[PDB]
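See below for the structure under consideration.
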Amino acid sequence: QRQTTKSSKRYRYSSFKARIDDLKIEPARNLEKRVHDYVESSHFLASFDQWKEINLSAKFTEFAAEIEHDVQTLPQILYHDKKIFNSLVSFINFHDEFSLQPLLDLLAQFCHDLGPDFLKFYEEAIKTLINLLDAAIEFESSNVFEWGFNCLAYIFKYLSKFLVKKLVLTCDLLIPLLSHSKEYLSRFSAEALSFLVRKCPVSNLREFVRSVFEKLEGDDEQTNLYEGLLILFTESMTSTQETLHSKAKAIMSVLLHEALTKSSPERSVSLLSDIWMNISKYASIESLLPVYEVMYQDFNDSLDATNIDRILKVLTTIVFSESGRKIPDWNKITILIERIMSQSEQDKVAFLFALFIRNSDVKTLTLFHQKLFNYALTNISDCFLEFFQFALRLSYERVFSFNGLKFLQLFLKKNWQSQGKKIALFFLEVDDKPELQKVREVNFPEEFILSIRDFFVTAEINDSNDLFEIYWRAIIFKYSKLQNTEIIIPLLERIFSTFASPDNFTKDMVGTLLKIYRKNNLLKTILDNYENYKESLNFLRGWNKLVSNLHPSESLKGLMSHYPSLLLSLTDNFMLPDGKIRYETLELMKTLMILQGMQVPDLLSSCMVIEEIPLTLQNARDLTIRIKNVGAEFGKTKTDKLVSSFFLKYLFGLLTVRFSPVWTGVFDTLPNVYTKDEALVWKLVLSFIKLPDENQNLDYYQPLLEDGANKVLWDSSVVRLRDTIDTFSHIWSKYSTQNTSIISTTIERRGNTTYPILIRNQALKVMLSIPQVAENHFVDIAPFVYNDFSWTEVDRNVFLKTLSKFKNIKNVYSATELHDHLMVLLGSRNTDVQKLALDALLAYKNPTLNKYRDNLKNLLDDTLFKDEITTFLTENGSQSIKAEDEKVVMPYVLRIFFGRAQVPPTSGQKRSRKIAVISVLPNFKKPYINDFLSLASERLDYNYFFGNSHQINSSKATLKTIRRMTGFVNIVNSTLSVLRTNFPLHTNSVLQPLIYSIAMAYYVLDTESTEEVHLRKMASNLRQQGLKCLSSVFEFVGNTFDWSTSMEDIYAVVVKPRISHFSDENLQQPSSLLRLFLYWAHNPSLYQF
Amino acid sequence: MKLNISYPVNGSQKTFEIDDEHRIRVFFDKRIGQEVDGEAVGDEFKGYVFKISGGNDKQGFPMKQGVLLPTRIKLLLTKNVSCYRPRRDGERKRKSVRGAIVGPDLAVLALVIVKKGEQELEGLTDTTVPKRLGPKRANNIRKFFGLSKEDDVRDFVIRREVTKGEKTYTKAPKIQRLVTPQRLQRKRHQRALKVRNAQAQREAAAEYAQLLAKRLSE
Amino acid sequence: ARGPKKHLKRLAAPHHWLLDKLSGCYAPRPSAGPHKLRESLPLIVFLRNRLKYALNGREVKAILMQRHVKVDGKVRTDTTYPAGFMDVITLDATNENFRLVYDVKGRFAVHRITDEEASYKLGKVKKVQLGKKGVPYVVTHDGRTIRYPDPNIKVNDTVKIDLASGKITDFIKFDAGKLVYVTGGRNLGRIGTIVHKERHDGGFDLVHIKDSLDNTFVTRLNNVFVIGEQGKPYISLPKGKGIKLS
RNA sequence: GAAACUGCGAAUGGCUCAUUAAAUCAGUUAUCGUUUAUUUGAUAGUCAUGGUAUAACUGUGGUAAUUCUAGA
RNA sequence: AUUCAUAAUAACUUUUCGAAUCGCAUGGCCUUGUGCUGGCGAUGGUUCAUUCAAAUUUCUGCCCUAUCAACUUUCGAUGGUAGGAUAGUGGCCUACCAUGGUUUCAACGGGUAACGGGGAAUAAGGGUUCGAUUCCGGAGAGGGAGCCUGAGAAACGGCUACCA
């Protein structure tokens, strides 16, 4: 959308590209009182004094100084011709826009004055000019573009005759700029040379156009040049406002003959075709008619050659171009069709036939349709079915008022054995569109039907390729018009025997056989084998075809009473995502209930209506009203177990149906009849929780690969013809690769039953709304907790919300393991998870937590955090935690403090928060602080090394493990700095992970290459901080506890990477390892090292 | 009085004129937010449950919650309150207003339908009006259709089919809050510009340091 | 007034602006910018009342939307843009430059200026300070804030600044026997070389200046603006060379 | 492009001198004792992008009445 | 002239900022990802400086009135110390302290159909008398009292109460 409705202001923004799109060239489509055209002393001098008035640019003023000293008259022009031109080109390549407008104007009038002798200057003037155009492209001036191309059209108008004598060389001078990859540059140069083309005479036209054809085949790669020649000849015919002219039809004659030459490029033929299309779109038929006459003339001339394909191509474009609104005579075209057909005595034939069936008049079609269909039946025999498919998608009602089915039957009688895979490919496709009742009515060849029946008789089935052939012959065998039931029977029980576990292909093909049934024991056998063949729509369609064909008699009533589980299995079928298969199951179950008895209820009928409602925002309130209505009816009415299972699995189908007002309706509905049946729905919701993370594989049968595809038509540029050829070529690709297209369209008609990922969250919302039954069993959801999923965070959060909404929380299945996982996720960094963990932990009722409920709540809060810390985490103060209450609530405090340490110090605020955490750490108690250290070491591990000695179990140098390592050594540094003299060290909680971390840093330095810059940077930082806290803890504790146990191990981690080159590495400034060594060589007990 | 009854689920609403006084005596001494029994009102609302949502007095003065008095009152109203639309920024004018305690002086009492009873109401429960506007934000439409994160929305855009004479047409809103490659280019320029400025500042600082070091060496 | 005013009377204008009493009741109140109020010039009064190229606000407004003129390379689209003394005015379609500089008549004065002279501009450093993170910097008389200058420079110092980079071309100190322009006062515009400076601790320091006719006068340091050396101006000077006569 | 939300203005202009006798005003200060929306010039490495809404609008209303409004 | 500019330390904050914005166009790449980079301008944003400001603050200057000589200090009048408040200094206010301060060189209080000035008239000058009134400054918008928003109002073609 451009700017169509002009606003009132005087000043639009008018971007450069819009300026380009609006710009045109031709001064003859313009005009003015030109000063050079107005005063007739000299044109160059008139323009020069005019621009000496106008321009004030230093480039032009120096130029004007030189030239106003040089020339003052036309003999002075004729004398100093060269020097003034060299100064012109000097300033031209001096490149000043302010001078570029007037200098281009003086260039134009300088040529207008110097005409016939200018060409020697004019050639390198072309060179410097197109250089200046490239300079403007580097620049961004629509004004400069306009000036340059106006000057170009000027020089063309001035020097026309010599250039129309020497035309093809002038084309060559601009070809690199015509083939330049800018559409608007090509467009402007096309307008200028298009003026020249409309000027040029016929001999030079044919010569130049033929040379353009050879230049096209030379640059066959380039498309911008191709479209440039398109718009060139297009504008050459277009030039006026609405009407092409006699010079335009002369050009049409020249191009038509030069392209109807046998050596002409078919790419140029398509170029001509698009030129014709554009001219037909532009001009009116009153201007167009003599061109049509010259066209028919040249067709009747060069109608007999080897380029019948070429004339067919251009005629296809002529028929397609717009309609009969520009076509004078479909009868003249009909005559040319007869001529071309007699001269031929394929693909484009089919396309032209279809476009004629669409586009022509019915008063011509009532006579030529017989000749057309006999032509098609004779010549394009294998292409007849492709053509008839395209014609039925193009204009079916034309042929249906006419005799499509009759000629189709004649084609089937004449040939049915050659492309019978294409025959099904037609007759499979016609089933979906319900505008084809004539086609589903039409008859078939009798030899063909009986041969399909005899192949069915002699059929071996024990291969999926045999399944393919049987299903193929069935989908042909639809319209058998014979009693085929007892012939279906033995093959049917043969499938049911040979395949216990069917393919989806097996179910689909046997359901097609159920469709092949037209007009008992088949019903008996399908009631035997439906348990295997449940979930497939083609099965359900043929089954419902059977049931609707049948009539409710009493022997069938006896048999249906004998068969008990049909309707419960159909409820299990109602539990499916596909609304189509759920409604097919609906109407099937209704018809089966009619055959059985008369218990057909309002709930079933109404929910059929609900599935029949389409989904719009206007129908959204209607649908939700309907869901509330049927849920209220189900809650009010007394229920069988059958109808309860029905209603529940149908509501869960509506859960799968993917629509928000429906989700609101079912969330309104289900919490009132989960009381009615809270047992089956426990399996339904739990299945959704196990829904998609389990695999969903839909492995179908795949045929062998067939490479059938061709560029059956030329490449177009007009986008509507492009769409048409794309459609025809797609249908041709299918019809060539008839095999896999039968396969894929079967899947396209099979239908989806894959569940959304969101259905797990929907079950989580159901579990929120219904906590008691989740509180009842708990045994199947306990594995999800104790496996820790990976589920989504919102899934985990709404699960934790269900955990808080649980009532009998201590008497759940594994209460203490739940408490363990609760404590872990409380220590987790995500504060929302910490909140929900404390909600479940306070659902856990113990009087000390009921005491300090709001205390830990405001501890969880952010803006009361440090104040709460200074208030009741302070020793010997008000609200200080008592002895036994401290003993019993201590791990919770360490978990929340672990999270509030696990926050990253992104700013001074979070930095100060972490600082206050570690700074209130020194006051609690020795084993509690050591337990915080135990949790910090517990987020890490050392049992690898210490189940070994010093060997890595698995080479896990991962970013996650080393970021937990660097967080650990960072809080180690901070705790060292804030509890230098007083803190307790534990070899299991403090010592082993630290040497574990420095050894990990050395291993991720050595074992990997230097290409992991971030891993090696974090390796350097980890070694830095580890040796830092090493020397820190060494100076901080000294001799306060023993050192002999870990002595050899820490000496090993000293002597492995460092003592080889500690003198070479640590000499610039004293390293922490040097300080460690000096504390060793100073403290007498550390002299062993 | 006029009981403007509104079912928000259907988005339906109607009025019901009341002449007798006994359901009004059921109504008496209450206020906004409090609930009532439709059977205690009358027969047709059997089992129905409502809640007081508002009213206007016999002079037109609306009820307003917060004030616990069954009369009118001149409250110095401020910007972000009901019953008031300031024509200027920060405008706070005192206005007379009927209070929240239910009096008989109500020309209109307006009730919302909380719980449906048994019998269908013609204006409210029988039919509905679907909503005027679907959401405009991209994640909003994602939540609405349950659109996956991989799924685009421009294929799921709600389009209104309008018709002007014969030129049938459609309407579709601008998808606000939509990530584009143009947004990616914007972010890219932001990052590149910040890094470029950092390099330029570092270079100018190093050069000026070189200058002053030379000057001090002189 | 309960705030600032958007309004400027005819007679409320500074006298040097040379604007008549009769073609308006109002003068265009200049917007805020580099220079202060009375020693500036709006661009519309510059163009219409001196260059005469436009005659109406709609005209000069259309020109500003036409994006022609760049002051120190930067275009303004403000009509009442406060153009002050020693300014570079760049005219693209007419291909000119202009130094705005005081008149011998005490007025302002346009100067026809070439591109090389327009490439730089002059500035009286008025305050050198040390900014945050210990960064040294200066602010000029025209409000140019320049980080990291030459340390030898002090306050009130003349500096040649290339406008094209906005960078310190070079500087000129404050010595006796330097060529000085006088910006304000009764004797403003009278270019002369400084005799000396009578300095007062905390007081308005007076300055003795002798010009080419060996004429001596005394102004204040605020009016004092050093140009260059003796016979060495860094700029081109207009006719009269800032010399008062009878 | 109505409306509506958002932005800014609406602390100038125009009118009058009631009041006010070191008060203003004037000249002359100075703020190293203050803030400054705005102009201008510099100035910041330290998720393929959440959510809440509400107007405008649709729909039911009040009154004698206002640039009144209520419910949804 | 400075506890200044500026730098360092240790913490602090119902913890501020460090772009989840937009328009025009669309290039360069290349692992052919719909992956990577890239222009123009538009808004916003921390700090500093500017500009426009405003708020305080010094010297010097008022008409008549002694049948107006003492005046101010409970209730701040004068000075001190501490706090508050402010955008800040400050009795501005509060406490706790000292008894001050002005005046016949006229304090004080009273009169002023007294808005201040540039300017206007007049004489030869000295002077005299005006100046609501085109510019500037300040004040006000029936008058008492008070307030919101906003950088800016004690606004009044804003709001609250009184009286009329």
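Protein chains in written order, with this note's numbering: chain V, 1 to 1089; chain E, 10001 to 10218; chain L, 20001 to 20246. The C-beta atom is built at its ideal place from N, Cα and C for all residues, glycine as well.
Under the DSSP definition of a beta bridge, L/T20140 partners with L/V20125. The residue among L/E20059, L/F20085, L/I20243, L/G20003 with its C-alpha nearest the C-alpha of L/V20071 is L/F20085. Taking C-beta atoms under 8 Å as the contact rule, V/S1071 and V/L1027 qualify, at a distance of about 7 Å.
Not a single C-beta of chain E is nearer than 7 Å to the C-beta of L/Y20137. When the beta-carbon positions are compared, V/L74 and V/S42 come within less than 7 Å of each other. Cβ proximity to chain V below 9 Å picks out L20091, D20092, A20093, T20094, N20095, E20096 from the stretch 20090-20101 of chain L. With 16 or more other CB atoms across the displayed protein chains lying within 10 angstroms of its CB, V/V71 is buried. Identification of residues in the stretch 623-647 of chain V having a C-beta nearer than 7 Å to some C-beta of chain E yields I625, given in sequence order. Rounded to whole angstroms, the gap between the alpha carbons of L/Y20234 and L/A20013 is 32 Å. Counting other Cβ atoms within 10 Å of its Cβ, V/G827 reaches 16 or more and is therefore classed as buried. Runs of the alpha helix (DSSP H) lying entirely within the stretch 1060-1088 of chain V and spanning at least 4 residues, in chain order: 1062-1065, 1072-1082. Residue state for V/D780 is assigned as coil, using DSSP reduced to three classes. Taken in chain order, the unbroken stretches of alpha helix (DSSP H) that lie wholly in the stretch 307-332 of chain V and span 4 residues or more are 308-320.
As the crow flies, the alpha-carbon of V/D298 is around 17 Å from that of V/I275.
Contact fails between the stretch 740-748 of chain V and the stretch 627-642 of chain V, because fewer than three Cβ pairs, one in each stretch, are under 8 Å apart.
Beyond the five residues adjoining it in sequence on each side, V/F1034 comes within less than 6 Å, by CB distance, of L1076, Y1079 in the same chain, given in chain order.
Inter-residue distance for V/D503 and V/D466 is about 13 Å (C-alpha atoms, whole angstroms).
Per the DSSP secondary-structure output, V/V833 pairs with nothing in a beta bridge.
With a cutoff of 7 Å on beta-carbon distance, V/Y928 and V/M890 are scored as near each other.
From the beta-carbon of L/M20065, the residues of chain V found nearer than 9 Å are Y11. The three-state reading of DSSP puts L/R20038 in coil, since its state is none of H, G, I, E or B. Taking CB atoms only, V/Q618 has a neighbour in chain E less than 7 Å away. A residue is called buried once 16 or more other Cβ atoms fall within 10 Å of its Cβ, and V/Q417, having fewer, is exposed. Following the DSSP letters along the chain, one finds V/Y396 inside the alpha helix (DSSP H) bounded by residues 384-401. For E/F10028, the three-state secondary structure derived from DSSP is coil. By the C-beta criterion, the stretch 671-679 of chain V is judged not to be in contact with the stretch 778-791 of chain V, since fewer than 3 inter-stretch pairs fall below 8 Å.
By the rule that beta-carbons nearer than 7 Å mark a contact, E/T10128 touches chain V. V/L933 sits close to V/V990, with the two beta carbons spaced by under 7 Å. Per DSSP, reduced to three states, the secondary structure at L/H20196 is strand. Judged by DSSP secondary structure, L/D20211 falls within the beta strand (DSSP E) whose first and last residues are 20206-20211.
Comparing alpha-carbon positions, the option among V/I747, V/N520, V/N521, V/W543 lying closest to V/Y530 turns out to be V/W543.
As DSSP reads the structure, V/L985 sits in no beta bridge. For E/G10033, the number of other beta carbons within 10 angstroms of its own is below 16, and it is reported as exposed. The three-state secondary structure of V/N850, taken from DSSP, is helix. One Cα belongs to L/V20182, the other to L/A20083, and the distance between them is close to 18 Å.
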